[PDB]
$ cat protein.cif   # mmCIF, C-alpha atoms; chains and numbers go by the auth columns
data_structure
loop_
_atom_site.group_PDB
_atom_site.id
_atom_site.type_symbol
_atom_site.label_atom_id
_atom_site.label_comp_id
_atom_site.label_asym_id
_atom_site.label_seq_id
_atom_site.Cartn_x
_atom_site.Cartn_y
_atom_site.Cartn_z
_atom_site.B_iso_or_equiv
_atom_site.auth_seq_id
_atom_site.auth_asym_id
ATOM 1 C CA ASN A 1 147.083 20.322 66.535 0.00 1 G
ATOM 2 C CA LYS A 2 148.120 23.742 67.913 0.00 2 G
ATOM 3 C CA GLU A 3 148.140 27.576 67.993 0.00 3 G
ATOM 4 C CA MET A 4 145.267 29.958 67.205 0.00 4 G
ATOM 5 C CA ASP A 5 143.119 32.207 64.961 0.00 5 G
ATOM 6 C CA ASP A 6 141.316 35.595 65.185 0.00 6 G
ATOM 7 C CA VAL A 7 142.724 37.669 63.331 0.00 7 G
ATOM 8 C CA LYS A 8 139.115 38.926 63.083 0.00 8 G
ATOM 9 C CA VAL A 9 139.355 42.764 62.796 0.00 9 G
ATOM 10 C CA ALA A 10 136.348 43.144 61.921 0.00 10 G
ATOM 11 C CA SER A 11 134.107 46.117 61.070 0.00 11 G
ATOM 12 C CA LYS A 12 133.299 49.274 59.163 0.00 12 G
ATOM 13 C CA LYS A 13 134.628 50.344 55.820 0.00 13 G
ATOM 14 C CA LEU A 14 131.883 52.710 54.684 0.00 14 G
ATOM 15 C CA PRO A 15 128.292 52.716 53.359 0.00 15 G
ATOM 16 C CA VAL A 16 128.707 56.201 51.876 0.00 16 G
ATOM 17 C CA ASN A 17 126.748 55.518 48.731 0.00 17 G
ATOM 18 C CA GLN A 18 124.747 53.123 50.819 0.00 18 G
ATOM 19 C CA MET A 19 124.023 56.109 53.017 0.00 19 G
ATOM 20 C CA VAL A 20 122.957 57.658 49.780 0.00 20 G
ATOM 21 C CA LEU A 21 120.873 54.523 49.399 0.00 21 G
ATOM 22 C CA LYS A 22 119.352 55.125 52.807 0.00 22 G
ATOM 23 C CA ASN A 23 118.273 58.647 51.957 0.00 23 G
ATOM 24 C CA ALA A 24 117.185 57.174 48.639 0.00 24 G
ATOM 25 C CA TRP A 25 114.947 54.753 50.484 0.00 25 G
ATOM 26 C CA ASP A 26 113.655 57.786 52.349 0.00 26 G
ATOM 27 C CA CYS A 27 112.741 59.734 49.172 0.00 27 G
ATOM 28 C CA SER A 28 110.073 57.441 47.698 0.00 28 G
ATOM 29 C CA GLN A 29 108.123 54.891 49.734 0.00 29 G
ATOM 30 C CA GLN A 30 105.321 56.002 49.973 0.00 30 G
ATOM 31 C CA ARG A 31 104.743 52.712 51.760 0.00 31 G
ATOM 32 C CA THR A 32 108.188 53.195 53.286 0.00 32 G
ATOM 33 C CA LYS A 33 108.477 49.616 54.525 0.00 33 G
ATOM 34 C CA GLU A 34 110.417 48.314 51.533 0.00 34 G
ATOM 35 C CA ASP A 35 112.618 51.379 51.464 0.00 35 G
ATOM 36 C CA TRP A 36 113.570 51.250 55.104 0.00 36 G
ATOM 37 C CA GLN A 37 113.970 47.493 54.937 0.00 37 G
ATOM 38 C CA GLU A 38 116.355 47.563 52.022 0.00 38 G
ATOM 39 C CA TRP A 39 118.215 50.535 53.443 0.00 39 G
ATOM 40 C CA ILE A 40 118.610 48.630 56.675 0.00 40 G
ATOM 41 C CA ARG A 41 119.876 45.483 55.008 0.00 41 G
ATOM 42 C CA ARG A 42 122.379 47.737 53.325 0.00 42 G
ATOM 43 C CA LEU A 43 123.270 49.461 56.574 0.00 43 G
ATOM 44 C CA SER A 44 124.241 46.039 57.822 0.00 44 G
ATOM 45 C CA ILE A 45 127.159 46.314 55.442 0.00 45 G
ATOM 46 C CA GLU A 46 130.752 42.707 60.781 0.00 46 G
ATOM 47 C CA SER A 47 128.434 39.948 61.904 0.00 47 G
ATOM 48 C CA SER A 48 125.208 41.897 61.540 0.00 48 G
ATOM 49 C CA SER A 49 126.109 42.519 57.910 0.00 49 G
ATOM 50 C CA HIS A 50 125.810 38.791 57.275 0.00 50 G
ATOM 51 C CA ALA A 51 122.842 38.748 59.637 0.00 51 G
ATOM 52 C CA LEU A 52 120.620 41.013 57.558 0.00 52 G
ATOM 53 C CA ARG A 53 121.334 38.819 54.570 0.00 53 G
ATOM 54 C CA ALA A 54 118.625 36.566 55.929 0.00 54 G
#

$ encode --input "protein.cif" --output "structure tokens"
Amino acid sequence: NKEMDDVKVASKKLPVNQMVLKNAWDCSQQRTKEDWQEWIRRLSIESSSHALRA
């Protein structure tokens, strides 16, 4: 075998509407836990993205 990999940019794009989703989480909840949780899992979207998918 030989050579290499990585490649591996890897980050960003944007959560713009997911930012919207964050503030959305903020609006209701009213037992905020679910809101913040979801919003966080979203916020995740390199690694950590996949991480929050736990």

$ resolve_selection --input "protein.cif" --expression "the PyMOL selection byres ((chain G and resi 49-53) around 10)" --output "PyMOL selection string"
chain G and resi 11-12+37-38+40-48+54

$ atom_distance --input "protein.cif" --atom1 "CA of residue 21 (chain G)" --atom2 "CA of residue 36 (chain G)"
9.8 Å

$ atom_distance --input "protein.cif" --atom1 "CA of residue 8 (chain G)" --atom2 "CA of residue 39 (chain G)"
25.8 Å

$ atom_distance --input "protein.cif" --atom1 "CA of residue 19 (chain G)" --atom2 "CA of residue 35 (chain G)"
12.4 Å
